[PDB]
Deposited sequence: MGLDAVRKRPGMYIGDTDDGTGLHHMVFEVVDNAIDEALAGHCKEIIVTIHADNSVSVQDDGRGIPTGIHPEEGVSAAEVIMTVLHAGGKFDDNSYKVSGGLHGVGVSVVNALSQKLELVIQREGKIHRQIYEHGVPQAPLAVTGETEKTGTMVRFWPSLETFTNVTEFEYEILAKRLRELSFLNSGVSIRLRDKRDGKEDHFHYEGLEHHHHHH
């Protein structure tokens, strides 16, 4: 289960001591958003570096189903990963969840906003309604585990910008915005 992931994190996400695994965390989440974009439902993905050691990835696709919820299953249980050109394989978002000190899932779907929080891949409470909306999509925001990641524990604009540009080229037509609230930088990638 996720216990195995927490025990041997580098095996599942990449080197935890040089920033490689840390940035893979973001790219794995981005891969899920691109997948939803390529399915024709998402027209815009937004990746944001926040000033609190989190990154969020937001799409305006269908929203993960919420009726535990299918969403919780997706987040917690350790599927074609080849729809996304340049996508990571052999990892799902549950690995990112396991290796996050906190992860926040916000889903806009069927008129409601739903939210669930996890810590180290363990939910705090059942998915709950937190608003109403006519919009749709999925937002994952996570704070990396500081037990897991060392030396490079903060997300770096240049690493994210370089890879997101590459992913936008490899998956032509997908629009990715990178917003960096910590550093006051922004980019739009779209080919």
**Study point:** Deposited residues absent from the coordinates (by C-alpha)
**Key:** 1, 69-74, 86-92, 206-215
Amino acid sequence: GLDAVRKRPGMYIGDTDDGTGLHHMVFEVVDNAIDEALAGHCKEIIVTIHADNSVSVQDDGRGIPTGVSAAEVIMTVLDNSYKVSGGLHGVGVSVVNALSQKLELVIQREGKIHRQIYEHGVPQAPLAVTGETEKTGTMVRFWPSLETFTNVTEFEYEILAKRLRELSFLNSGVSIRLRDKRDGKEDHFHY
From here on, numbers count along this sequence of modelled residues.
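Throughout, rigid core stands for the largest set of C-alpha atoms superposing within 1.5 Å between the two forms.
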Exercise for review: Going by root mean square C-alpha distance after a core fit, say whether 126-134 or 36-44 is farther from the shown form in 9 other deposited structures of this protein.
Suggested key: 36-44
Study note, to complete from the structure: In terms of RMS C-alpha distance in 9 other deposited structures of this protein following rigid core superposition, 176-184 and 20-28 differ, and the farther one is 176-184
**Study point:** Flanks modelled, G86 absent in at least a third of other entries
**Key:** yes
Revision key, fill the gap. Mean B factor on CA atoms, stretches 34-42 and 156-164, record says higher is 34-42
Practice item. Could you settle it for me: does 23-31 or 120-128 have the higher average Cα B factor in the PDB entry? Key: 120-128
Point to revise | C-alpha B-factor winner, where the candidates are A98, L78, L105, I113 | key: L78
Exercise for review: Check the PDB entry and point out which of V68, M139, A51, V47 has the largest C-alpha temperature factor.
Suggested key: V68
Study note, to complete from the structure: Chain-relative C-alpha B factor for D15 (record values, thirds): the highest
Check your understanding: What third of the chain, by the recorded C-alpha B-factor, contains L146?
Key -> highest
